[PDB]
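> This one's experimental. Sequence and coordinates below.
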Amino acid sequence: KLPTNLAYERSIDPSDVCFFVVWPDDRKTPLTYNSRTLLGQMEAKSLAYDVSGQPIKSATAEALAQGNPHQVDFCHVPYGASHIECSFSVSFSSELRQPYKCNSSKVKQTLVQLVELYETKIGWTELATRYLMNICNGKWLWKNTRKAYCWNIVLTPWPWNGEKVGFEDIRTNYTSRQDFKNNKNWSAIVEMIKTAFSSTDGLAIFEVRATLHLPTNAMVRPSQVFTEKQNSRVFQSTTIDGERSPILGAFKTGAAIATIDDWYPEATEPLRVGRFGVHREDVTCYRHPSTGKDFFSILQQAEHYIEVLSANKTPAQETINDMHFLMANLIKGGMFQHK
Amino acid sequence: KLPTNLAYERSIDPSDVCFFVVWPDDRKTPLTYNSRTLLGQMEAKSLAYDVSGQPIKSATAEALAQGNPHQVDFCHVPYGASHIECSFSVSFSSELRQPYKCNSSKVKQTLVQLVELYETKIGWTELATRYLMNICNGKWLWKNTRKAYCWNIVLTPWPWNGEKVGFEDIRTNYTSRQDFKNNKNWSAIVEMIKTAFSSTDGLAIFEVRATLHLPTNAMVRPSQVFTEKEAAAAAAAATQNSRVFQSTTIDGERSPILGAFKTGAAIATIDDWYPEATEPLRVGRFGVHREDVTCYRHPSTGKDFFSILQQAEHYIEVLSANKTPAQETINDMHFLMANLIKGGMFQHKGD
Amino acid sequence: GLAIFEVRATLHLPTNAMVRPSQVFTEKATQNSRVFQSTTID
DNA sequence: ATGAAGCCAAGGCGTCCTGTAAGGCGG
DNA sequence: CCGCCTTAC
């Protein structure tokens, strides 16, 4: 088990989310930001106090009132703009079928058999639904939908015949899972993702466009640059029409689509799928390898699930949840090696 | 047999896949990439397992949730671009007609005799079609065809009188060996390869150009550098760039190039004559599968190139009599010739 | 929970009255005082 | 051509920087 | 087939 060289490639492939300002003339310009400098108060605890004790001695009432200046990148909607338009593309492929590199003829045939038995026993409906549900509710916008009047999403899928798929105001209409299974096009686009995960060289491309209705020169929140050793809050950028634009990441938009994991020990809300089910808000790992619900404890029991998935029938709280998690990690993952 | 110095120059000499962006406003620019630092999570099995199970909680539930930053080269299609134009050149010749090295008049006259008898008894059609099928179906783009809408090949042959021979949407139109065979130029280009291999001082140049239609902001996958690298751990550079691209300067600005040997490796992925044969292999000595790390034609099967070349004097007295069976022996002759077409260190005995 | 307000105020000032916008925090000898924070409209 | 271009105060913290393969030589 | 073997800005 864990044969020193075991890799998988991506099965979901998102891109950068290019922002545009739409004017009432129905012309589009790339959204632009500016690095402005600002004055704040001395508000750090480790400026008035020492190591967990008392006031330093020199942080006096006058010294704590000197305003400290900082520099931030500032992206707002320009005044008199109609709305914001966000555009990107997703690709669903069958690359979870067999590992990219395996280095072991036994673990390969085990994992190929497990994906086959999963596909046959439990349909792709759950995972496909879960992934599509947060491409059509605009979770990939992250914080731009919060403090927004309305946002509408339009899918142009491929291969396709018919007119574009449309989701209107996604606050009143499309709240729950049953709201998505409604009028026309849902079943026809959940199918073709199952086909994309079923067929060898099976491909389903979607090109997503969203319209944000924000208040008067409202604040836009793109994806920020890590680069460390001044400018706090540096924005990730690309060049459109020879001018700089914020982009809202390629890896961040994959993280949003893959917030499908609410099978971890109990459940509260979906996490970004990983090995040690990490949560970002509280800085703990759920599915920590002590619980025996991490990926390397479940993957090393592949034969057990091969034994259970053969005969009737799987208990739909423990085994199916673990198999969902395993497939969810295979759709993402690489690299599953050890020593 | 197998003298202390025998060698060969490769017959197929490709070099590069230079990428260009084309805007609707039909003008070409070099495709550019940027170094991008990104924040992953602690996902390696090594960080939460020593040997072979759990460590004492140094890798605690908090310590496994600290975001690990890395740096990667990121290349994608710029917004508002029509498609990617991929430029690439091949030159087929006849170096397989003579050993590059010396030291055995017997083996030298045996190999040139075998090439001549092979040529006459079973023509270059099989290897030529195999080498041209993967040049005209975008095998040399490697992964850029996957998750693409459409791609079209246009190759300018030489020496040639007529028009640039073109292959439309390949995913649908040109799937099987037959689909490539029933357009009006296939014969002529297979024949000028056969000419190149059969004739002395033979030359067949193909200037290939692939139009590739990718989705919005779609990611480009060029070739990557090797770079044996280590100074120490704390700290040469917190950054240490993972996934560095092989690049060249076009029109004064850097662009990813998708290798030259990598392109050559794509064309010579024809070998499906090995003991089991599911998929075609990179023509080599030990029929090594790079992914799924093993060797079909291991030198214990007795089907590697050094076992097969030691039955050359055998194949002379089988290509003379009538008639060579469609079973393994034609495949062995094909594999031997495919190796004379690429290789040139047929020496072992130490080297 | 969410509540969005669009607030509009109308100032009636005397003739050629001075408007007092935000001032820029500057890098920093040449002369310059009172640099204003600005945006692009029309 | 006639002369001058003023000053004052400051510049936050927390956390991290992945892992696999890939010897010659004498005995 | 088996063990011996080092230092880096």
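Received, thanks. Residues are numbered from 1 along each chain as shown, chains lettered A, B, ... in the order given.

> neighbouring contacts of stretch A:281-296?
A:2, A:264-265, A:271, A:274-279, A:297, A:322, A:325-326, A:329, A:333, A:336, A:338, B:45, B:48-49, B:54, B:57, B:61-62, B:64-66 (C-beta atoms under 8 Å, 6 or more residues apart in numbering or on different chains). Any C-beta I mention is one placed from the backbone N, CA and C, and that applies to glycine too.

> Go again with 6 Å.
A:264-265, A:275-278, A:329, B:45, B:48, B:61-62, B:64-65 (C-beta atoms under 6 Å, 6 or more residues apart in numbering or on different chains).

> List buried members of these by neighbour count.
Among the contacts of stretch A:281-296, those buried by neighbour count (16 or more other C-beta atoms under 10 Å in any protein chain shown) are A:264, A:275, A:276, A:277, A:278, A:329, B:45, B:48, B:61, B:64, B:65.

> list the contacts for the second one?
Under the criterion of C-beta under 6 Å, 6+ apart, the neighbours of residue A:275 are A:294, A:295, B:43.

> ok, now how distant is the last one from DNA strand D?
Same thing as residue B:43. To DNA strand D, residue B:43 is 6 Å away according to C-beta to the nearest atom of the strand, to the nearest Å.

> Kindly provide the distance from that residue to DNA strand E.
From residue B:43 to DNA strand E the distance is 26 Å (C-beta to the nearest atom of the strand).

> re the thing from before, which ones among the contacts of residue A:275 lie within helices?
The helices, defined by DSSP state H, take in residue A:295 from the contacts of residue A:275.

> Quickly note the distance from residue A:108 to chain B.
Distance of residue A:108 to chain B, given as C-beta to the nearest C-beta, to the nearest Å: 7 Å.

> for the closest residue to that residue other than its chain neighbours, phi and psi?
In space, and not counting its chain neighbours, residue A:108 is closest to residue A:102: 4.0 Å by C-beta to C-beta, 6 or more residues apart in numbering or on different chains. Backbone torsions of residue A:102, given as degrees, to the nearest 10, read phi -130, psi -40.

> cool, and residue A:27?
According to degrees, to the nearest 10, residue A:27 has phi -100, psi 150.

> Strands of the stretch 1-150 of chain A, start to end?
Counting by DSSP state E, counting those that start in this stretch, the segments of the stretch 1-150 of chain A that form strands are A:12-13, A:18-22, A:28-30, A:34-40, A:68-74, A:83-93, A:150-158.

> Turn those into TSV, including distance to chain C.
TSV is the format used below for the strands of the stretch 1-150 of chain A (distance: least, C-beta to the nearest C-beta, whole Å):
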stretch	distance to chain C
strand A:12-13	31
strand A:18-22	12
strand A:28-30	11
strand A:34-40	4
strand A:68-74	5
strand A:83-93	15
strand A:150-158	11
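
> Report the contact partners of the residue of the stretch 201-339 of chain A found nearest chain C.
When distances are taken as C-beta to the nearest C-beta, the stretch 201-339 of chain A reaches nearest to chain C at residue A:215, 5.2 Å away. By C-beta under 6 Å, 6+ apart, the residues touching residue A:215 are residue C:4.

> Bridged to the nearest residue to residue A:243 once chain neighbours are set aside, which residues?
Distance criterion C-beta to C-beta, 6+ apart; nearest residue to residue A:243, sequence neighbours excluded, is residue A:30 at 5.6 Å. Taking DSSP bridges as the rule, residue A:30 bridges to residue A:20.

> Please enumerate the strands of the stretch 201-339 of chain A.
Going by DSSP E, counting those that start in this stretch, the stretch 201-339 of chain A shows strands at A:203-213, A:237-240, A:243-246.

> wait, isn't the residue nearest to residue A:243 in contact with residue A:244?
No: if you go by C-beta atoms under 6 Å, residue A:30 and residue A:244 don't touch, sitting 8.2 Å apart.

> for residue A:11, what are its contacts?
Neighbouring residues of residue A:11 by C-beta under 6 Å, 6+ apart: A:93, A:95, A:96, A:331.

> Go again with 7 Å.
Shown in contact with residue A:11 (C-beta atoms under 7 Å, 6 or more residues apart in numbering or on different chains): A:92, A:93, A:95, A:96, A:197, A:331.

> Break chain A into its domains for me.
As assigned by CATH domains of a matching chain, chain A contains the domains A:1-10+A:95-123+A:259-338, A:11-31+A:75-94+A:124-223.

> With that, I have no additional questions.
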